[PDB]
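Below is one structure, written out as C-alpha cells; comments come after it.
There are 2 protein chains.
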Amino acid sequence: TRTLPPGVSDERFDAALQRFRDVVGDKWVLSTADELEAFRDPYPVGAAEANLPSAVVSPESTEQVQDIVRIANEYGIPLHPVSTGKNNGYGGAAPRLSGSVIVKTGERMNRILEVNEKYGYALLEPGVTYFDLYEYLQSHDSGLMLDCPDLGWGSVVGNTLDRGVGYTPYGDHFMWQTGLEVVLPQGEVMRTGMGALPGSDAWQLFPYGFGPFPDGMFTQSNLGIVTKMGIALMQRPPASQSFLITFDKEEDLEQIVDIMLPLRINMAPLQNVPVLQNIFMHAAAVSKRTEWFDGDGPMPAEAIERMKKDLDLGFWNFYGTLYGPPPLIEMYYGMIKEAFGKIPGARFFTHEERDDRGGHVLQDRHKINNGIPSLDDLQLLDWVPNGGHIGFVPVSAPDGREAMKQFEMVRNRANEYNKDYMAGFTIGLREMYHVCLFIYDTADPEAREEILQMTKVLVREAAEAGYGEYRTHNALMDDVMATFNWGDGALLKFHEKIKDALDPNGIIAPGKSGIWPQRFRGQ
Amino acid sequence: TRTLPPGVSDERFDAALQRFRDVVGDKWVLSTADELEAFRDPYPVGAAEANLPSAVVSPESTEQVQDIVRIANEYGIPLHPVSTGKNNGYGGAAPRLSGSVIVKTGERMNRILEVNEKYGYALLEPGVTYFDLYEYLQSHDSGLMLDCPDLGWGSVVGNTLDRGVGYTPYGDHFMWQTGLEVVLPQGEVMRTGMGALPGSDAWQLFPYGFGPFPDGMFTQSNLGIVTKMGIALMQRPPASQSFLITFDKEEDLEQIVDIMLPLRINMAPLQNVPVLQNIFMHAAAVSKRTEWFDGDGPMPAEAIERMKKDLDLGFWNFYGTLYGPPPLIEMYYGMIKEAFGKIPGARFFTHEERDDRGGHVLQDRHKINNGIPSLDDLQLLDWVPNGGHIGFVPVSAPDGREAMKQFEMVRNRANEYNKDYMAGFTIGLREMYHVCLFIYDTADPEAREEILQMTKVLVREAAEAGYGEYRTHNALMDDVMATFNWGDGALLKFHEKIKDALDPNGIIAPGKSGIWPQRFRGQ
Ligand SMILES: *Cc1cc2c(cc1C)nc1c(=O)[nH]c(=O)nc-1n2C[C@H](O)[C@H](O)[C@H](O)COP(=O)(O)OP(=O)(O)OC[C@H]1O[C@@H](n2cnc3c(N)ncnc32)[C@H](O)[C@@H]1O
Ligand SMILES: *Cc1cc2c(cc1C)nc1c(=O)[nH]c(=O)nc-1n2C[C@H](O)[C@H](O)[C@H](O)COP(=O)(O)OP(=O)(O)OC[C@H]1O[C@@H](n2cnc3c(N)ncnc32)[C@H](O)[C@@H]1O
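Chains as they are written, first to last, in the entry's author numbering: chain A, 2 to 524; chain A', 2 to 524. A prime marks a further copy of an entry chain.
Here you go:
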C-alpha cells in the first residue's frame, strides 16, 4: 500500500526521495512502513485511518530546508512542517493531507542560538523544547524565566506559532515573539522585523520593523517553514506565591467570573493568567475514574460530592500566582481575599497549606505559573484506559451569565455522548476561554468516532451562540474555519488569495487552518 | 494642466467622476484646482511639485468605500486612502503617486461607534480624532483614558495603522488595536479576529481570532481601506506624577541610557515610555531661533550654554510619569531618584516645582503622558519662519555607547546641512528610538531640497551602522524599504507577491512603504 503523494508516480517519488537524501543524508530520510509508524497521531480521532505520511525528512540547516522546498516544488510533493510534532490535543505530527512528506525541523535544528540576559530574550531553533531551554537557564544560572504551556516536551517555536499560551505574565507567547526567519513556499528565505536590516541588533528587541508587519501571518499558517524565531524572556521576580480558592456551588461560576475580570484587567492584582478548573479536572490528576464510579456513562451527583469531600475541593477551583517583593504580594493577596471573600463558602489556601491529594493540582500550577516545565497533565490520561485527549476552547466575553450558558451548553452535550465535563474557564486580559478537555479510549474505534462527532457538535453549537475557537485539532480545521464566515466567508477567501500567491504549486501544509491552495479546492 | 490618473483619458475620468458622484453625492467629490489646493502636503519636501491628486472623494459608509473601490478597479484609477490626512512629518495627505484619487474616509465616517466601560475598549471610525474621543470620554465621565500622540488633531485609526506611538503604558497603539473592518483592493469587505464570527462579542476583546493573524498586514500597508477599528482603553489610575531630570553634560547620554533600560524593562518603576529630549527641543517650544543666535548656520557653544542657563535645563532632559496609589508613586519615584541620582549634576523636579519657562515642556508632557490631546508641538514650528518639519526615527539596541554614536553621527551630518539637532532618545521596552525632528523654511525651495537630501543621507548612514527607521515620510519610502534588503531584498519581494495577489489592478496607494504593484514596477 506504499503511500504516495497525490498524483506522483512510484518513479518520480523514488527520484525525489533520492534528491532529498542528497540534501540531508540517507540516515535522515525515512520511507518505510515500520519507520513511518512512529509519526502517527498518538491520540487518533475518528474510527478511520486519516493522515498518513509518504516520508519524513529531517534537515539540519535553513539551507537544507530551502533545498527540500525547491525539490518539493519541482515534484509537487506536499510538505508538512513540524518542530517537535508533539501537538497533542490538536493532531500530533500527522499531516492534514495524506501522502505528504513531513519535514521534521526540530530533530536536528535544535540549537539555542542565543540567550541575552541584558535585554532579556532568546533566539531559538524549532527543536528547542521547554525542557531544553529551562535546562540552559538553570545551567547558566540566568536571571530570566521562560513561560511554558502545560506540556513541556513541545517546541517553544512550534507552540508560539500555534498562538499557544502559558500562565506567567508573559503568557501570550505570540505577543513576545520578536523576529523570525522563515523559508517561504517556493524556497526563498526571509527575515522579519529588524532582522531584515543587515547589521541590526534589534531583531529580538523590536517586533514590527518597517512596512506591513507579517509575523502574525506565520502563526496557524501554511505560508512557510520557520527556521529561527526570537522570544522575549521576563526577568525572574524576587519571590512568588501561588494560591487556591475553592467554591462549593456549581452556580458560583457566575459571581467568580464577574469578580475575576476587574481584578485581572489592569494586570493587577491578578498578575498571572487567572485559571479556574472544575472538580473532574482535579480527580483525573490523581485518580482513575473507576475509583469514583464504575458505571459506563455520566457520573451521579453523589460521586461528585464524594470527589469534593475526599479531595477537599469546590466544584470550581481557582488558581492564581503573585510576583514581586513580599509587601506587594501580601498587599495583592489581601485585595484578592477581600474580593472573592464575598462568595459564600470560599476557602483560601497557599502552596504551603496543602500537601493533601487535592492540593496536587495547586502544586502543579505553582510550577507552571513559575516557568517550570512539567508533564504533569499526562496523569490526566490515566482517568480511563488507553486515555488520549482532544481540546476544544471557545472564546467569549468574560461575563458570568455567558460563562454559565457555556457550562450548561457543553456539559449537556457532553453527557449525551457519555463523556465527562473536564472543563475550565481562564481569562487573558479582556477575553474568556472555555478550556474543555475530553479524555477517551484511544484503542476503541467507536470511542474515537464519538469524540470527533461530539466536538463537531460542540463547535457548531458554540458558533451559533457567538463563540469561536482560538485553536483546534487537525480534524476540525475545515469545520472551525467555516464558523468564521462573516461577509460570506470573506476571511477565508483572503487567506486563499495569499496562500495562492506565496505557494503557487500548493506545497506547504495543504488544509492547515482550513486553507487549501487552488489545486486542492473543489474537494 | 488638469491632473489625470495614469493612462486614463479625459473622457473616462469624467465618466468615473460621475460614477463617484453617484456613489457619495456631488457635494463630496472635488475635482478642480482651487478645491484640490487644500490637500497639498502642508510641509512639502523637495523643491519640486511632487504628489498631486486628480480628485478627492469623501464617502460616508463602508458600502460606499466598496463602490468607489469597484469603480477605481474598472477604470484603473489609483486610490490614496486617508483618515484625517494630517500625517504631518510624514507627508500629510499627498499621494505617493500623482494623478491618484484621495479617498477621505474620515470626513464623513467619523462616528464613535461604541465605548465600553466594563471591558475597556472603543470601536471607532477613521474620522474620530483624539480630541473627538477625549471629548466623548469627558462628556460621558468615563473611567477610561486614551493614549495620544503629540498632535491630537489626527485620527486614532490613522495613527494606529502607521504603528504610531504614545507615552502612557498603552503607548504601543498597534498592540492594543483589536479588530478591524477593511475593504480589500477589489472591493470585498472583511473583518478580522472575532469580528469574523457572526454574533461574537469578542471583536474588541481578543485580537487574534483563528488561523493566520492578518491585522498587522494592514499597518503601513496598501492592502485595503480600514472602515472600522477597535482599540483597548486603559482605566484612568487613581493618581499620577510627572517629573523632569536635567543632566548637564552632553556626555551624560551614555550613563542615562544604561540606567533607563533596567528601570523600564519590567514596566516598573518607569511605567510610561521614558523620553529624553535635548535642549534645542526645549528652546523651540518657547522661543524663536533669532532669540539665541542670529547667524545663519550652526549654533555656537555659548548659545547652547545661554539656553541651558536661561531656561534652567540640562543638555539632555528626561521626562517620566508614574501612575497608581500615592504609596506606589512615592516608592517608585524614590527608586528613580536613587537610580539617576548617581549621575553628577542631576537635578529633579516634579510638575509642581516648575512654572518657569523651561518647565513648559514638563507641563506639556504631563498632559500627553496622561491622555490629554494637545497641539503644543506646533509651537516648535515658530523656531524659524514658515516652519515645517520632517521626522527621522532610527531604531537600535538601548545601549549608551550606541546612543552616543547616533548622537555624534546625526548632529555631525545635521550641522553640515546648517540645521539644528532637535533630537531625543526614548525607550519602548527593549528598543531604542532616536527621535530626530528637523525644522525648516517651507517657503524656500532650496531649504526643502536640502532637507530631503539630508534625511536621505541620515537614512543611508544609519542603515550602514545597522539602524532602520520604524516609520518614514512619503518622500523616503523607497529609500527606507531599500535598507531592509537582507536576503537580497527578500522582505520586499514578499510584500510584492501579496500586494499583487490582493490588488491585481494595482489600485491602492501604489508605492506606500515602497511597495509597488506589478503595473508600476520597472520605474
Ligand atoms: C495533551 C495536552 C496538550 C496540551 C495541554 C494539555 C494536554 C493534556 N495544555 C496546553 C496548554 O496549556 N497550552 C498550550 O499552548 N498547549 C497545550 N497543549 C498542546 C501541546 O502539547 C502544546 O501546544 C505544544 O507546545 C505544541 O506542540 P509542539 O510545540 O510540539 O508543536 P509542533 O507540532 O512542532 O507545531 C504545531 C504546529 O505549528 C506549526 N509549525 C510548527 N513548527 C513550524 C515551523 N518550523 N514552520 C512553520 N509552521 C510550524 C505547524 O502548523 C504545526 O502543525
Ligand atoms: C508635525 C508632528 C507630527 C507628529 C509629532 C510631532 C510633530 C511636531 N509627534 C508624533 C508622535 O509623537 N507620535 C506619532 O505617532 N505621530 C506624531 N506625529 C505625526 C502625526 O501628526 C500623527 O502620527 C498622526 O496621528 C497621524 O496623522 P493621521 O492620524 O491624520 O493619519 P492619516 O493620514 O489618516 O493616516 C496616515 C496613513 O495611514 C494609512 N491609513 C490611514 N487611514 C487608513 C484607512 N482608512 N485605511 C487604510 N490605510 C489608512 C495611510 O497609509 C495613510 O497615509
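A virtual CB, placed ideally from N, CA and C, is assigned to each residue, including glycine.
Can you give the Cα-Cα distance for residue i and residue j, rounded to whole angstroms?
i               : j               : result
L134 (chain A)  : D365 (chain A)  : 19 Å
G429 (chain A)  : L493 (chain A)  : 26 Å
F426 (chain A') : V258 (chain A') : 8 Å
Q454 (chain A') : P215 (chain A)  : 30 Å
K28 (chain A)   : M110 (chain A)  : 15 Å
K500 (chain A') : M218 (chain A') : 10 Å
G231 (chain A)  : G210 (chain A)  : 14 Å
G325 (chain A') : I508 (chain A') : 49 Å
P327 (chain A)  : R431 (chain A)  : 27 Å
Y91 (chain A')  : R22 (chain A')  : 30 Å
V287 (chain A') : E108 (chain A') : 33 Å
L477 (chain A)  : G488 (chain A)  : 21 Å
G360 (chain A)  : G315 (chain A)  : 12 Å
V460 (chain A)  : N88 (chain A)   : 20 Å
7 Å is my cut-off, CB to CB: does residue i come that close to chain A?
i               : result
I428 (chain A') : no
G26 (chain A')  : no
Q524 (chain A') : no
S143 (chain A') : no
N419 (chain A') : no
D202 (chain A') : yes
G467 (chain A') : yes
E189 (chain A') : yes
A463 (chain A') : no
Helix, strand or coil for residue i per DSSP?
i               : result
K310 (chain A)  : helix
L254 (chain A)  : helix
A404 (chain A') : helix
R414 (chain A)  : helix
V104 (chain A)  : strand
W29 (chain A')  : helix
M110 (chain A') : coil
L147 (chain A') : coil
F316 (chain A') : coil
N486 (chain A)  : coil
Please confirm whether residue i has its beta-carbon closer than 7 Å to some beta-carbon of chain A'.
i              : result
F214 (chain A) : yes
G86 (chain A)  : no
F521 (chain A) : no
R22 (chain A)  : no
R192 (chain A) : yes
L206 (chain A) : yes
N279 (chain A) : no
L198 (chain A) : yes
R431 (chain A) : yes
Could you tell me which residues DSSP puts in a beta bridge with residue i?
i                    : result
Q178 (chain A')      : A':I232
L323 (chain A')      : A':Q242
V183 (chain A)       : A:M191 and A:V227
residue 1 (chain A') : The question about residue 1 (chain A') has no answer here: the residues shown for chain A' are numbered 2 through 524.
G469 (chain A')      : A':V396
Interface residues of the region 434 to 456 of chain A' facing chain A [CB-CB below 7 Å]: Residues passing the 7 Å Cβ filter: none.
Compile a chain-ordered list of the residues in the region 365 to 383 of chain A' whose CB is closer than 9 Å to at least one CB of chain A. Those would be none; no residue qualifies.
With 9 Å as the C-beta to C-beta threshold (strictly closer), list the residues of the region 383 to 415 of chain A' near chain A in chain order. If the cut-off is 9 Å between Cβ atoms, the region 383 to 415 of chain A' has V396, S397, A398, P399, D400 and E403 near chain A.
The region 209 to 241 of chain A: which residues have C-beta closer than 9 Å to a C-beta of chain A', in chain order? Cβ contacts with chain A': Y209, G210, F211, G212, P213, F214, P215, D216, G217, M218, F219, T220, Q221, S222, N223, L224, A233, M235, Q236 and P238.
Using a Cβ cut-off of 7 Å, which residues of the region 35 to 65 of chain A contact any Cβ in chain A', in chain order? The region 35 to 65 of chain A vs chain A', Cβ under 7 Å: nothing.
Output needed in chain order: residues of the region 501 to 517 of chain A' with a Cβ under 9 Å from some Cβ in chain A. Shown in chain order are the members of the region 501 to 517 of chain A' whose Cβ falls below 9 Å from a Cβ of chain A: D501, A502, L503, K513, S514, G515 and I516.
Closer than 9 Å, Cβ to Cβ, to anything on chain A': give me those residues from the region 112 to 127 of chain A, in chain order. Result list: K119, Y120, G121 and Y122.
Closer than 9 Å between beta carbons: that is the criterion. Which residues of the region 474 to 487 of chain A meet it against chain A'? Going along the region 474 to 487 of chain A in chain order, one finds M478, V481, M482, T484, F485, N486 and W487 with a Cβ nearer than 9 Å to chain A'.
May I ask you to list, following chain order, the residues of the region 330 to 350 of chain A' that have a beta carbon less than 7 Å from some beta carbon of chain A? Answer set for the region 330 to 350 of chain A': empty.
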